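Report on the structure given below.
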Ligand SMILES: CC(C)(COP(=O)(O)OP(=O)(O)OC[C@H]1O[C@@H](n2cnc3c(N)ncnc32)[C@H](O)[C@@H]1OP(=O)(O)O)[C@@H](O)C(=O)NCCC(=O)NCCSCC(=O)O
Ligand SMILES: CC(C)(COP(=O)(O)OP(=O)(O)OC[C@H]1O[C@@H](n2cnc3c(N)ncnc32)[C@H](O)[C@@H]1OP(=O)(O)O)[C@@H](O)C(=O)NCCC(=O)NCCSCC(=O)O
Ligand SMILES: CC(C)(COP(=O)(O)OP(=O)(O)OC[C@H]1O[C@@H](n2cnc3c(N)ncnc32)[C@H](O)[C@@H]1OP(=O)(O)O)[C@@H](O)C(=O)NCCC(=O)NCCSCC(=O)O
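Residue numbers (PDB author numbering), protein chains in the order written: chain A, 72 to 213; chain A', 1 to 426; chain B, 1001 to 1426. A prime marks a further copy of an entry chain.
Pasting the structure below:
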């Protein structure tokens, strides 16, 4: 049920369940999580893209724009057939979507971009990339 | 407070005029009524005209008095920090503790400049004077802060100011980092206002820069002694413009260029480097380079001052600070021997002694900044930076007045209505 | 010399002040040295103080008279052209085909803007207001064209003067293009000042642009009609900014920001909204803004003026052109005939007759412009672009008078000296 999942789980655990079909063990979860964390940063070139939109555009149109443009930066794995292609491709989305999501807000309000932090949690890592500045140590409220 | 009763004027008819008085200063004659009576005074330069009423800063040029809201500068410099002075200068009274926190915490809250604005610096050439970049970035903030450009609204002023007050140093640092080719440095919410500057001025992403409290207090003071200076060219420009509708950012960008005009003049130019060029402990000592003095541009080099007669009050704390920091920056000073020299040549020479080219507050400020490895190009910027709190004030106080705006009259002496008939056909 | 022989400032000893006389208009009382005799006037408003002596433009309010270098604005705006006019204001006389042809040469051969400044345009946001961007740019001019900034070398002054004259059109049309996402257009020597500016505003690489004969003339006329308006607030900013030494461009930027000035509030353009936002006889007026206008909501659309008493000597011809213009375009006007109805209102609506809200040139210019396919956020920009030669001529004047340094006095009504004691921290 969703209710249980919401109160008794964290987002990633749910991605796994939603993606794999069963509750993750411990060693299996680490594999899943550690990976997601491994590829959160988006290519510098991609970043130059945000910068080609006007700050005054709806951060939602920038989202459909940056995402509908990743193909041109990940030429290789665009072949739906290959089983590992899906394998990787997904993780890329799953991993980088929040990074991209945060960035749109930082572009919209005029603040600098914030790189993912490997220590924070998935969710904490978001609020981090959403609100921190290079001016004061942002602390996430659990 | 005697003949302040009233007066009268008359070439063909008499008009009863009053004689106003200040809490300090001379006696003025309210001619505010003669405009109607069809009477107009002629006074280029506002040479015998009082343009306004101010409760901000008092100067007694002939007796070396400088009060900011009544508080002498000297005390303020030694007994206060820059921000506390901005508040006093902006609010009218010493800040309590809880009130100061409010003021400070805010200033700290909005120090970062919009990323888009940043892309601007990058459109200038690195080789341009960091002072032209300052008048350029500032005269361009309007396009990034469209909303609050309406001088009327009381909160508009409210915010607008804080933006300037907060971001000017950030912008100031950046210009130096752009000029020398180093990366930009974001403000740090822990450091002090002054420390935060030296931080954004010199740190790199390669080594943890530590601020020397000594060097900081000096900047702190360099700053305070520059917060504001009563009515003058740059301040008058600011007030005028503001009165002419124009937005605060433009007003500040106009003031900033007014505080750069003397620097670039030619006779001054050939004399600015003149000093900052030849100093080989053979020249200055036997008044060699000082043997040349046609194009003076002295105050531009920290000599004398239009207002003050014998000495610039703001020059004491700085002369002492100047010494201290030199003692602090230890023995690395050699060229700055001519420093020890120039003062000696300014106090012991007739000419100077007679034309009163007395080291003003900038003579020593320059020595400090130099002692700090800061290039000359950055001098007028830091001054303009510190001076902005003053410009807001006057600007603000000019609004809160009533500002029946101002359309100065001209005494036309050109041609007399004549017919036109183009002698051309192109 | 009518009802004024020799006036007497009466303190306790009779002070006779010599009355000076202008060639046109009111003569004045002298008061320059008063200060040198501890006697200062008080006039926060400069409505009775004659800032300066001039010879460029003459305006007789009541009479609705405006002359440029002696010539009636009417004749100029009909038989001359912006360039000849430009030449005139700047040189005091009408050119000879040779003076005019040489002038026209020097001008067109500098209408190109440094490409680095184009890079500067892209740094600015796409949603920025033309006027705003316009300032952002002008102000940044002193950072590139750094040789024509020697404000006191007549060799460097005419340089900038010409530069500002050649480039303003180029810049303004780049403010437009930029705001609408079309590529910037290059000057065209083989074009008249107005025809080229029309071209640069509207031409597209997709095909050659055809400059309509009537539109070309109608524009020039707008240019001519805004070239100068005597000592207003903007020229007072350009005059006051320049007195402190500020480089040419710095002042012009000020005159641009200031010009924009009285227009930035929630109901400054919010009024200038249902002017173009709505185009229909019975909607905008029809029992609408009979009370829908709130703060200024008058003096912004082109109704009334603080200089002229009954009418605008410039509106006279501007109107004559709307006719020629609306007529011409045809399929670009008849809908825009909610003017006669607006115009009409002003003429007979009591609220207007009582407020002297008569239609002015900016109204007829607004119409013509709102007709050429020019947006309202580009009206002032075009009005500033033109007022530039006016600003330029004034600044070059004040610098001939010996750079009249505007350093007024103040009336101090703040605290007398009081010791400073601070118990806080931070
Ligand atoms: C296929 C991938 C491993 C690499 O694809 P990618 O799109 O180039 O990832 P990316 O562009 O974000 O990362 C490129 C580089 O940046 C590194 N990187 C990116 N973000 C981070 C980060 N937040 N912290 C540290 N390193 C990072 C990433 O580790 C790689 O460095 P290296 O090759 O030295 O390990 C990844 O997309 C993925 O999720 N793979 C899982 C699916 C799969 O079958 N992978 C095969 C190897 S098993 C992967 C694993 O267990 O980590
Ligand atoms: C009106 C303002 C609050 C905001 O205007 P602004 O020009 O957008 O400031 P800004 O662009 O530098 O800041 C935009 C964002 O960056 C943040 N920011 C900027 N610099 C820093 C910094 N050094 N450290 C942390 N955050 C920063 C700023 O806090 C804001 O984030 P958020 O909305 O989440 O709090 C400010 O200009 C100001 O000084 N206001 C005081 C005047 C006033 O009447 N303010 C009304 C609210 S009371 C303000 C207060 O007490 O802080
Ligand atoms: C110091 C100056 C010489 C240069 O200042 P600048 O701002 O760096 O140059 P600029 O931005 O005006 O660009 C003008 C240059 O591009 C050329 N140029 C600009 N627009 C055009 C155009 N539409 N078609 C052809 N050439 C053009 C122009 O001929 C000039 O070349 P040159 O080196 O021979 O003068 C300055 O005085 C100036 O060029 N014009 C100001 C007025 C003036 O006094 N000019 C000197 C006499 S020009 C004689 C003439 O060509 O009629």
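We treat Cβ as the ideally placed atom computed from N, Cα and C, and that holds for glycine.
Range of the contiguous alpha helix (DSSP H) that encloses residue i
i: residue 251 (chain A'); result: 248-258
i: residue 323 (chain A'); result: 315-328
i: residue 75 (chain A'); result: 73-79
i: residue 1101 (chain B); result: 1097-1108
i: residue 1351 (chain B); result: 1350-1355
i: residue 1441 (chain B); result: The question about residue 1441 (chain B) has no answer here: the residues shown for chain B are numbered 1001 through 1426.
i: residue 1088 (chain B); result: 1082-1091
i: residue 362 (chain A'); result: 361-371
i: residue 1288 (chain B); result: Per DSSP, residue 1288 (chain B) belongs to no alpha helix (DSSP H) and is neither H nor E.
i: residue 342 (chain A'); result: 338-347
Secondary structure of residue i, DSSP reduced to three states
i: residue 140 (chain A); result: coil
i: residue 117 (chain A'); result: helix
i: residue 989 (chain B); result: The question about residue 989 (chain B) has no answer, for chain B in this structure spans 1001 to 1426.
i: residue 226 (chain A'); result: coil
i: residue 277 (chain A'); result: coil
i: residue 1204 (chain B); result: strand
i: residue 1238 (chain B); result: helix
i: residue 1039 (chain B); result: coil
i: residue 1197 (chain B); result: helix
i: residue 1220 (chain B); result: helix
i: residue 1111 (chain B); result: coil
i: residue 411 (chain A'); result: strand
i: residue 1024 (chain B); result: coil
Residue span of the beta strand (DSSP E) that contains residue i, given as start and end
i: residue 51 (chain A'); result: 49-54
i: residue 15 (chain A'); result: 14-17
i: residue 1066 (chain B); result: 1065-1068
i: residue 389 (chain A'); result: Where residue 389 (chain A') is concerned, there is no enclosing beta strand (DSSP E), although the alpha helix (DSSP H) it sits in stretches over 379-399.
i: residue 1059 (chain B); result: 1057-1060
i: residue 1028 (chain B); result: 1028-1030
i: residue 423 (chain A'); result: That residue, residue 423 (chain A'), is in no beta strand (DSSP E); it is neither H nor E in DSSP.
i: residue 7 (chain A'); result: 7-10
Short-range partners of chain A' found in the region 1076-1101 of chain B, where Cβ spacing is below 7 Å | 1076, 1079, 1080, 1084, 1094, 1095, 1096, 1097, 1100, 1101
Tell me, please, whether the region 299-314 of chain A' touches the region 193-203 of chain A' by the rule of three or more beta-carbon pairs shorter than 8 Å.
-> no
Let me have the residue list for ligand 1: C-beta closer than 5 Å to any non-hydrogen atom, ordered along the chain.
-> A:106, A:109, A:110, A:111, A:112, A:158, A:159, A:162, A:163, A:187
Chain-ordered residues of the region 99-132 of chain A with a beta carbon less than 8 Å from chain B | 125, 126, 127
Listed in chain order, which residues of the region 177-191 of chain A' have Cβ atoms closer than 7 Å to some Cβ of chain A?
-> 186, 187, 188, 189
Do the region 1332-1348 of chain B and the region 1376-1386 of chain B touch if we need at least three Cβ pairs shorter than 8 Å?
-> no
Please list the residues of the region 191-207 of chain A that have a C-beta atom closer than 9 Å to any C-beta atom in chain A', keeping them in chain order.
-> 204, 205, 206, 207
Which residues, in chain order, does the region 398-426 of chain A' contribute to contact with chain B at a C-beta distance below 8 Å?
-> 401, 404, 405, 406, 407, 408, 409, 410, 411, 412, 413, 414, 415, 416, 417, 418, 419, 420, 421, 422, 423, 424, 425, 426
Using 8 Å as the Cβ pair cut-off and three pairs as the minimum, do the region 313-324 of chain A' and the region 65-75 of chain A' touch?
-> yes
Is there contact here, the region 1017-1031 of chain B with the region 36-53 of chain A', by at least three beta-carbon pairs under 8 Å?
-> yes
Are there three or more Cβ pairs, one per stretch, closer than 8 Å when the region 234-250 of chain A' is compared with the region 145-157 of chain A'?
-> yes
Within the chosen definition, does the region 290-305 of chain A' reach the region 42-60 of chain A' through at least 3 CB pairs nearer than 8 Å?
-> no
How about the region 1103-1119 of chain B and the region 1166-1183 of chain B: do they share at least three Cβ pairs that are nearer than 8 Å?
-> yes
Okay, do the region 367-375 of chain A' and the region 16-27 of chain A' touch, 3+ Cβ pairs below 8 Å being the bar?
-> no
Okay, do the region 1070-1087 of chain B and the region 86-100 of chain A' touch, 3+ Cβ pairs below 8 Å being the bar?
-> no
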